[PDB]
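The structure appears right after this line, and notes come after that.
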Amino acid sequence: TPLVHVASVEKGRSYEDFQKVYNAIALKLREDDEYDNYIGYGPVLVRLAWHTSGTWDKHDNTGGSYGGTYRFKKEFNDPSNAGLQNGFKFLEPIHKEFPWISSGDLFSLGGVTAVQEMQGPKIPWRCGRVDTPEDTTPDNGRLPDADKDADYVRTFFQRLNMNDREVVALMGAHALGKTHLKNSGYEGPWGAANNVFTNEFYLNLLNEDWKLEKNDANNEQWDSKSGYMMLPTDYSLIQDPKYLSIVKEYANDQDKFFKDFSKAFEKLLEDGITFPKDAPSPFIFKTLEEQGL
Ligand code: HEM
Ligand SMILES: [O]
């Protein structure tokens, strides 16, 4: 008995309602740009979207973005989530202004907004995630380890029903933001353009000269002359033949990367949710820049 989480739109709420919430996060993203030495809050908002979705198990429909269990001490306090309470705190003023949206709709819309606002692809979003009880919070250990190889990555992602293409498109988001040693014991950005979404991660992986070096938290990571770093799991995408081909693909076609990332990131944030046929079509939100805001 895998669980059935069916979507329930928040009462009366339509598109205008969720576009208002998107503009609140976008306007706050402009205003609070100082964060993490001017990278701003976009990156960690994408990593919260991903970490609140990525607990899912396709075998039993436990985990995932449906029930917003990240708000419970257990998951909140997971070591793999070291750092995301910056993102949770960012979102708090917004949930108080719109007390009506559910936690998983807010945690997943937060990440859509961050990608779009950083000039990433339009990501279609569907509402209806419903907050479930403290007891439904999955246990710690479901999120990936950064110290492992291509085989680890493939097998890990099979649990969320992610194929290689989907994994490499998903990993392109590591063009964003940075690893911070106090959080994960890894230190460095992956590139120059930390807070605008591009295929820079692929170009860097193929063209930078990486060196395997150990960091002050005594973990190995791959380092470039230009001040960039790759995690062992990041680097494995060029070590494996099946992944290297798709990295070389996104490296040479920015629009293919945009398109696949949008599909794969929409799927990761929808895993586990049944949508009724009567449920509305996905929303596509205008950015502030398309709204002349
Ligand atoms: C093999 C799988 C993956 C591993 C092991 C992994 C691991 C990590 C690690 C170690 C960090 C640094 C966190 C910190 O020190 O603050 C990080 C950051 C980040 N990851 Fe992942 N990640 C993986 C896949 C993904 C995917 C699929 C996405 C989303 C589409 C994602 C998005 C991000 C983002 C946006 C950050 C930036 C955080 C910030 O600057 O605040 N990661 N990840
Ligand atoms: O991540």
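We number chain A the way Swiss-Prot does; in order, the residues shown are 69-361.
Each Cβ is built from the backbone N, Cα and C atoms, and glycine gets one as well.
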Residue carrying phosphotyrosine as stated in Swiss-Prot, selected out of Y109, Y220, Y270, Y311: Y220
Site with most surrounding Cβ atoms, counting all protein chains shown within 10 Å, from the recorded positions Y220, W258: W258
Contacting recorded positions for ligand 2, chosen from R115, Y220, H242 when the Cβ sits under 6 angstroms of any of its atoms: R115
Candidates near ligand 1 among the recorded positions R115, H119, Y220, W258, judged by a Cβ under 6 angstroms: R115
Spatially closest candidate among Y220, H242, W258, the listed recorded positions, to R115 (site 'Transition state stabilizer') (Cα to Cα): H242
